[PDB]
4 protein chains.
Amino acid sequence: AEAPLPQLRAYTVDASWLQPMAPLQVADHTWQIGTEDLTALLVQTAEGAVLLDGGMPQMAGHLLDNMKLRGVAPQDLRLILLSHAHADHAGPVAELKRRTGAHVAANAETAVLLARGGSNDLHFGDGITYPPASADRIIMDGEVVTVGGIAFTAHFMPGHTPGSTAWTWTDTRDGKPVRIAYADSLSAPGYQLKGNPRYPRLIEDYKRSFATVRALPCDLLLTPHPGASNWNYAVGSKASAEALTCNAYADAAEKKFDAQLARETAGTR
Amino acid sequence: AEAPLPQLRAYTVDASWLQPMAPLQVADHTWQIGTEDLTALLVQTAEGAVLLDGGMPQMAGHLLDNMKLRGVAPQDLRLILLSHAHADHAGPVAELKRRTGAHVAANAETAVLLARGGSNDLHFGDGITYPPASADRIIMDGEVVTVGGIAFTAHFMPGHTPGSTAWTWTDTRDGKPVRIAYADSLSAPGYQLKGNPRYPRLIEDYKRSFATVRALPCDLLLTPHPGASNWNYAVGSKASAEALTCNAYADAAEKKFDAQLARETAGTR
Amino acid sequence: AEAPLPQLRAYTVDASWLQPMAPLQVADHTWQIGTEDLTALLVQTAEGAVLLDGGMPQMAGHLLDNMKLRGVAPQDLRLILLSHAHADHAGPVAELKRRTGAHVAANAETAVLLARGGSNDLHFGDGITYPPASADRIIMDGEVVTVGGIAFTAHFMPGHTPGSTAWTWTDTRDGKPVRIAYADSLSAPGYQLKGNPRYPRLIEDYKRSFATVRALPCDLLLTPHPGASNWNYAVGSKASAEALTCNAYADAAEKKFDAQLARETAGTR
Amino acid sequence: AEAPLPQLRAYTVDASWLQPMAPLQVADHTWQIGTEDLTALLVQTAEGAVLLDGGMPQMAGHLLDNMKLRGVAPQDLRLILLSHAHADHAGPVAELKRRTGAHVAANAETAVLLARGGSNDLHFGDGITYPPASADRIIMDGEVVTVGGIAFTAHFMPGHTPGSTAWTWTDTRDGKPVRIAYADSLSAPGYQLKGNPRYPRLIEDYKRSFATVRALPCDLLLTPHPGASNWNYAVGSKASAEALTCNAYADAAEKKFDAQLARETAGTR
Ligand SMILES: C[C@H](CS)C(=O)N1CCC[C@H]1C(=O)O
Ligand SMILES: C[C@H](CS)C(=O)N1CCC[C@H]1C(=O)O
Ligand SMILES: C[C@H](CS)C(=O)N1CCC[C@H]1C(=O)O
Ligand SMILES: C[C@H](CS)C(=O)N1CCC[C@H]1C(=O)O
Ligand SMILES: C[C@H](CS)C(=O)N1CCC[C@H]1C(=O)O
Ligand SMILES: C[C@H](CS)C(=O)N1CCC[C@H]1C(=O)O
Ligand SMILES: C[C@H](CS)C(=O)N1CCC[C@H]1C(=O)O
Ligand SMILES: C[C@H](CS)C(=O)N1CCC[C@H]1C(=O)O
Ligand SMILES: [Zn+2]
Ligand SMILES: [Zn+2]
Ligand SMILES: [Zn+2]
Ligand SMILES: [Zn+2]
Ligand SMILES: [Zn+2]
Ligand SMILES: [Zn+2]
Ligand SMILES: [Zn+2]
Ligand SMILES: [Zn+2]
């Protein structure tokens, strides 16, 4: 009686990443509409809405529910933007496109990973996947995408994925501008950093990306994993109280990266 | 403490579907190289090999091992053909393409489902998925694909999937021709047959496909699930003893389909 | 001084195919907005517009101009449907998608040809091409697509292309229903009909498609080339006067097909 | 009698770009097999051949002819690499893939442009297009691709296109190593350089790419347009005599770029 091949293993996550929350207002037009521990930002304009990230694949219905609470019908969603195309951020994109008619704008690296459904990941292989989706517009570094007069600027910050992107826009609160920076992850979870044949310039890209994050226009920083920027979505009006600056987020990420690099030289993860 | 969204659920299968077996010769050039309960046929020519189906995603390494036992190095695999693009038959195609340089030939319906990784299935939704892969050649009904002088003919038999295909070729044994028919599944597992908005002509297609299977050139029938044609790969040289004819396979499938249709009218699965 | 390789040759067409016209009303909601000799139908609903075909690639701006004359802003175009994915009918689809955010719904055969930009055509090779575009929804035979409460039904009629489709919907005029049938081309221009290795069942498909066209619900027939159904868009309110029935269109196409088949047997085009 | 829309215009080129030539040996394994004025490099190994660029779409048959003269049958072509995905360098890729079974390896930017057939170009729009093709392997900056033991290293040099790549490998001649650098174009033909909304960091990318080219391992430089590196393929064994170094090629390109930038500030092309 010899061993059969192993069964496929599902991508399972902490319960808080799947815990629905009601819409939490970030600025006049901008709302967190994902789960307690995964960001999905809805930006509402007079000419339709923009969604930045959707979380896990199973979050599609919840996102549509929260859009409805905000007055956004499915067909009112015009545009989906992404931080990076891993299953816990781009998971429901294919379903959202089918149910809303929204288009996706992303850089070429994010587009190719999204079209693979996250398979053949440089570090994860086929372990963390989701339904594939197509990008409808390819964007370049620094390119501006505008919906309802609100301009979103892309800032490439490769490392966590080759296509990792920060998005910036200026909202308002109390009559004053609020420069929002939605910066992507700077983690390298389980990654081989040095001499990686699938990503030879990984270290150089991360190092440049720390600098890119430090330089973002940033009155208020948000991140795909809210804990990375010290947000606590579950506490409502105090959710943003402890939020990091872009400088502090980059500094923390670089210290962690440097320590991980030294541990890899020392033979451990 | 309210319920979080459910975790993703992996596509799990009976252990026998994942139980490796050594190559089992079907005819002079044709070998079963999959698992005990999933067909993957290797056809070896003087100018490279053809693979018809690969089974589950986790079978890629085993298939390459069996190819090596047959004298087929990875780069010797020229062509992948498919019965249908469900995860338990097309599962390892993307990985095989990357590791062998083989091309995929398939009809348009199979190509679109394969490129989705089986997501947005007409009946399964996103429940049964696999790494997406691209077809390199689109084939039409009755089209002949030739490798090393061996001609493979496609016979469309829509129903189980819109792109379901039977493949026929003539091998030899004991100096005599053996017309092999690799006919696709004719099951409708859990499908809504009547008035299905995603497949309005489902019943008409199945009915035509029973006739197509009856008419195949067929000295020896094989099926993606070997039990459907009464093969038992685990018993070696007796594996083919009880194999059905194409007529008998079509008849059994049609009786099951008609009974399921009546049960659906009677309100049950 | 030996001959260089030939220059690329552009797909050039009769001037009337490129001659802009103002919107011509077909029924209460339905307008011809293409050129004098290429159909592009705009169907306007309370929840956005549908475009059936766009003509040649250079027609994108003209279509948007005519949409504006009808009160349809670019973002109001929700859906693009196609008769078949040749350059003179799907030509501007990629550009329209980028400028409107519309989605494309098409069958798998049309989707694969559209994604090739018409290249590797079964009969034309690479001679007649256009910017590639992706389908966003794959439709099956008989499937209903609804926008603003108006239901469009797909009727597959393979032959002219494998993915050739007739679209039907019911509009109104003078308080009475008008069953509109937009039937695809039934021509085989320069095609090898018999024993075509790239389309082995071509004759069988055309023969079935003549029957499909005869059976369409049809108070008013329109065709991608208006002359094929005896429309004359240039004469305004008399444009539809001489229009054929579906029965007469199918009969004329079948007689032409049978004559061409006999000429092919007799060695001529 | 008002003007019809303009006819489509073919991409026409100088006759020398389409003038076939016999294979010209560059090093022990490496041959120029394109036309007098467009590079297409064949690298022949014990385990199959690599093609770097193919020229214009109409060059497919000529390339296959020259491969045959070199002893390379169609199925012996294993891999296609590209400098950049414009019609005059990637033109015949789709056809070559269909006729050889070769795979394409390219970066994400090149993959997305190739899959568009060069349409929606950042600078050319839809004016310069070719049959779309899919990449089979996505490569990263500095990644090594190996065929028959010969290692090809990718060096990203964005500017002329976002995906512009230099490829390096070490061949031999007279028992000594020859480090070959196939560097992409550094021209900006008709491009808006400053404040280009579709390429906001164009100038920064070109400036970094001049430095990348200067730093390439380079005993012998070749370029997609041979005149850019002072090759003259038509003079046979003297073809390489006047070839530039990488330093000189970068310097000439940067001086031209700086002059064009000043002219753009001065309001001219
Ligand atoms: C695989 C692609 C996304 S990358 C997809 O979902 N498509 C491509 C064509 C239509 C639609 C579908 O199959 O439903
Ligand atoms: C959180 C990341 C995605 S940003 C992830 O999925 N990881 C991190 C490494 C492994 C894998 C997992 O959770 O299983
Ligand atoms: C999503 C497609 C298959 S349908 C894919 O895997 N591609 C497309 C381009 C290259 C390669 C890859 O991303 O590795
Ligand atoms: C055997 C089929 C594929 S041919 C399958 O995966 N089924 C049948 C219906 C449900 C699902 C499952 O096993 O979970
Ligand atoms: C080639 C595809 C259509 S079949 C395309 O245009 N795409 C695919 C991703 C984004 C967009 C683009 O490149 O502009
Ligand atoms: C009218 C058809 C498309 S429906 C066409 O483009 N043809 C017909 C055959 C040749 C080619 C041409 O006009 O050059
Ligand atoms: C459009 C793609 C290349 S990007 C293509 O040619 N395909 C995709 C599937 C098969 C093959 C074909 O249609 O011939
Ligand atoms: C030589 C370049 C491609 S590298 C080209 O095609 N150009 C340069 C600008 C215009 C266009 C043309 O020849 O028409
Ligand atoms: Zn991630
Ligand atoms: Zn994550
Ligand atoms: Zn199945
Ligand atoms: Zn199965
Ligand atoms: Zn046509
Ligand atoms: Zn036409
Ligand atoms: Zn170029
Ligand atoms: Zn060029």
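Counting starts at 1 for both ligands and their atoms, in listed order. These numbers come from the heavy atoms of this one structure, side chains and all, not from hydrogens, waters or symmetry mates. Naming: A, B, ... by sequence-line order, numbering from 1 per chain.
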Distance-only side-chain donor-acceptor flag, A:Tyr199 / A:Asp205, under 3.5 Å: yes

Electrostatic pair D:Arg137-D:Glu143, nearest N-O below 4.0 angstrom: yes

Nearest atoms (heavy-atom pairs only) where A:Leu221 meets A:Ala243: O-CB, 4.4 Å

The Zn ion (ligand 10) contact by A:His86, N, O or S atom under 2.8 Å: no

Residue A:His225 atom name (nearest to the Zn ion (ligand 10); N/O/S): NE2

Pair A:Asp53, A:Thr39: side-chain N/O donor-acceptor within cut-off below 3.5 Å: no

Aromatic contact, A:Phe124 with A:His86 (centres under 6.0 Å): yes

Donor-acceptor side-chain pairing of A:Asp88 and A:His225 below 3.5 angstrom: yes

C:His89 and C:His84 aromatic ring geometry - parallel, tilted or perpendicular at 30°/60° bounds: tilted

Sub-6.0 Å ring centroid separation between A:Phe210 and A:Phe257: yes

Pairs under 3.5 Å, nitrogen or oxygen of ligand 3 with protein nitrogen or oxygen:
| from | atom 1 | to | atom 2 | distance (Å) |
| --- | --- | --- | --- | --- |
| ligand 3 | 13 (O) | A:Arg116 | NH1 | 2.8 |
| ligand 3 | 14 (O) | A:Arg116 | NH1 | 3.3 |

Contact check: A:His89 to the Zn ion (ligand 10), N/O/S below 2.8 Å: yes

The Zn ion (ligand 10) - closest N/O/S atom in A:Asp88: OD2

